[PDB]
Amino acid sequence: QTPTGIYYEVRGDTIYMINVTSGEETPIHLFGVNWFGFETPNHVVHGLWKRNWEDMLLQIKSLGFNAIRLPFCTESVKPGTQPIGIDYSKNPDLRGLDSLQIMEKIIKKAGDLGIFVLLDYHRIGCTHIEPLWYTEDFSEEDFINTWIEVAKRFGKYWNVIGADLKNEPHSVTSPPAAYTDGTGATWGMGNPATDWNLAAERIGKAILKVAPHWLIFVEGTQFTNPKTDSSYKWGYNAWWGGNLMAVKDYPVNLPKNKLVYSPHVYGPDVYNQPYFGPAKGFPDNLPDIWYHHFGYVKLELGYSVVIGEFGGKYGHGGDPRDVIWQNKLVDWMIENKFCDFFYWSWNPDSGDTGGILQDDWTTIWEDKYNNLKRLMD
């Protein structure tokens, strides 16, 4: 049931790593970071114009992280795709390698450091996050076939825990139109061509056929269906990939022991949500909002919930409420035992969030990290 001898599964709401030969099981927690770049025109994780790739992984490990979420686009996982923006004096062992080979080298090195890797099909093109898992020139079959090829190749790396099926299903128009106009993802609306809960089953099933040992990470949508979204006062103000309110009545039809729900959640640096106003009760109003959008999926329904993205500038060149926001979110995660997450991002070159690293790609933001470090202990 595994090409590596290692099998990942959810027991209760906790992820376990199973050695199938010895029978040994260990619960694991994912203290993760997003290192992005393979999903961009660079076709490689960013920062290698300033840093050595291995030094980066060591620095990540040095801060107590044990997991990396690795966004990719279709092109980066095809042989022959050339990366742009590498300083080869700092990265001599990367000379001659295409994007796929660098991805392999990074995953293998991460594994050597005991770092788990989650593969994230972040973009179909390499420019922006499409609202759906297909485009006019790239069909759902093309999407699934790509995942199959990725699972065949990377399923052989022991430390790859699975597949984040599609980054941030979302809408590009407003409701109630968004539910039916076919431009955006839905959940429980009924049309299997827009319903992410149905698509996730189709894509997930295909992956589990070739990588039965993997977990399937399924993000939220932005809007689900009018009955669900209208059932809660802040039902129309969830993030892309962050609306899991339809899980209760419309659960994804996959084996529970292989499924992880993976919401994204953000603060005032990404969008000035009305509920970030003290006028609306910020920040003491946040736990109930998080609980409704996604928290109940673990606390009430007992599924594995892993926060796939969260982050913000933490008062460095952004909205100073972000400091309060990130502190409250970490407090809530600790209190409710959400111990699995991927911070967005390791990279500093994220326009609305910044990262763990500062713009010099070398020094970390001490305060931002100190808060996060609380989740690690």
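Sequential numbering from 1, following the sequence displayed.
Original post:
Per the entry, where is the mean C-alpha temperature factor higher: 116-124 or 137-145?
Top reply: According to the PDB entry, the answer is 137-145.
**OP:** With reference to the PDB entry, specify whether the mean Cα temperature factor is higher for 182-190 or for 253-261.
**Re:** Mean CA B-factor is higher for 182-190.
**OP:** Identify, among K233, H293, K166, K248, the residue whose C-alpha carries the highest B-factor in the deposited PDB entry.
**Re:** Most elevated C-alpha B-factor of the set, per the entry: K233.
Original post:
Among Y157, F217, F223, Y303, which carries the highest Cα B-factor?
Top reply: Among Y157, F217, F223, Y303, the PDB entry lists the largest C-alpha B-factor for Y157.
Original post:
Sorting the chain's CA B-factors, does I307 end up in the lowest, middle or highest third?
Top reply: Its C-alpha B-factor belongs to the lowest third of this chain's values.
**OP:** Could you look up the Cα B-factor of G37 in the entry and say which third of the chain it sits in: lowest, middle or highest?
**Re:** It falls in the middle third of the chain.
Subject >> Cα B factor band for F72 (lowest, middle or highest third within the chain) >> reply: According to the entry, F72 has a C-alpha B-factor in the chain's middle third.
**OP:** Comparing against every modelled residue in the chain, figure out the third that the C-alpha B-factor of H43 lands in (lowest, middle or highest).
**Re:** Highest third - that is where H43 ends up once the chain's C-alpha B-factors are sorted.
Original post:
Hey, what third does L198 fall into on Cα B-factor, ranked over its chain?
Top reply: Its C-alpha B-factor, which the entry lists for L198, ranks in the middle third among residues of this chain.
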